[PDB]
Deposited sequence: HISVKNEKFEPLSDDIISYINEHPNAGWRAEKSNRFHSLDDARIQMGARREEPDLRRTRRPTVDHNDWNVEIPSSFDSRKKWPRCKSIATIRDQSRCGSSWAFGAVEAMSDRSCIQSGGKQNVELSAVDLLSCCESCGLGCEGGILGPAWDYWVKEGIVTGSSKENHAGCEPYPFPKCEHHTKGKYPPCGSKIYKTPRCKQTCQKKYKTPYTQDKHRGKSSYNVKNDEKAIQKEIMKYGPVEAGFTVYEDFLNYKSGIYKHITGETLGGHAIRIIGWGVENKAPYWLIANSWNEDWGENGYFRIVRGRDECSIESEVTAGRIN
């Protein structure tokens, strides 16, 4: 099937037991449109393995609930329910990171901190993280948060904090990574170096369902990567699994919990294509099967 065609949509909607529903995309008009709006690549297996530890929470013998929603456990951390838009910049690697990091800053401090970390700062300033708007790597984003820190910064539309996103929420423009500045916006009086929020640790989470589950419910939303196939471009609702189409590359998102619908287990994930995309900004995807490698590259860290 041609991607984003009436025909691929029809195939999906007539497919027995797809588990999800396709709709004409309101964001992508070509394969090119979507290629630019992603931005994750697997970390080299050895480097990933040797740069930070791998947590499994084996030694924590807790009951895992059949469903969990970070928004429910920590309702007063507003960032958890905040959906961002990456624009036409392949920076989902940075977005996934700063989102979960903002979550955890609130969660792991009992709400004493409540902050929006600047996407542009991580994607512009992190050299070891990859190619900025041309795609990136999860692990080094978190190592960076620890070593260097990330400043405050809202969406373009909000104009808040040190470095708000310089690209607007959804033309044909292809955004080039901005140069790393170490200055805030004129109006934001707190100086850049002071404005740095640092993590105390970063780690891989074992490619293991239970391990990912324990990590989220205790420490908050995690970042993860997955492979996007052509059918994903027309996902609107339901529990995604790959049915047809080939790889378009990798994408990084934020897993905020999980559950089960009509006997089918899923992860609940915030995407970075604004609140009009998918299920009010979120999407669900098969859990426990390593679907599209969603469970392969989970990445996080803590502030204490």
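Where C-alpha coordinates are absent, the deposited sequence of this PDB chain has the segments 1 to 8, 179 to 189.
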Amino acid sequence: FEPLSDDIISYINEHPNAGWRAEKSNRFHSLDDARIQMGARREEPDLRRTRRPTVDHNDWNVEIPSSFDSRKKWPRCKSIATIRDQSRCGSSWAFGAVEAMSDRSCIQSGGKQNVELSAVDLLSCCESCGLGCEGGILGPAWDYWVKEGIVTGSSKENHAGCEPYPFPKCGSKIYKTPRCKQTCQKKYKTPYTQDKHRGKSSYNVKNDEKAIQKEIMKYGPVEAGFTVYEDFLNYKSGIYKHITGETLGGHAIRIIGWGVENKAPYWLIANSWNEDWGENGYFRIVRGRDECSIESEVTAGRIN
From here on, numbers count along this sequence of modelled residues.
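Higher mean CA temperature factor between 271 to 279 and 46 to 54: 46 to 54, per the PDB entry.
For the two regions 142 to 150 and 177 to 185, the entry's Cα B-factors average higher over 177 to 185. In the deposited coordinates, the residue among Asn262, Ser30, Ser237, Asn61 with the greatest CA B-factor is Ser30. In the deposited coordinates, the residue among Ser79, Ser105, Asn158, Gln86 with the greatest CA B-factor is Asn158.
For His15, the recorded CA temperature factor ranks within the highest third of the chain's modelled residues. Sort the chain's modelled residues by C-alpha temperature factor and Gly220 lands in the lowest third, per the entry. Annotation for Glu99: C-alpha temperature factor in the lowest third relative to the rest of the modelled chain, per the entry. Among all modelled residues in its chain, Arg41 ranks in the highest third by Cα B-factor. Sort the chain's modelled residues by C-alpha temperature factor and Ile137 lands in the middle third, per the entry.
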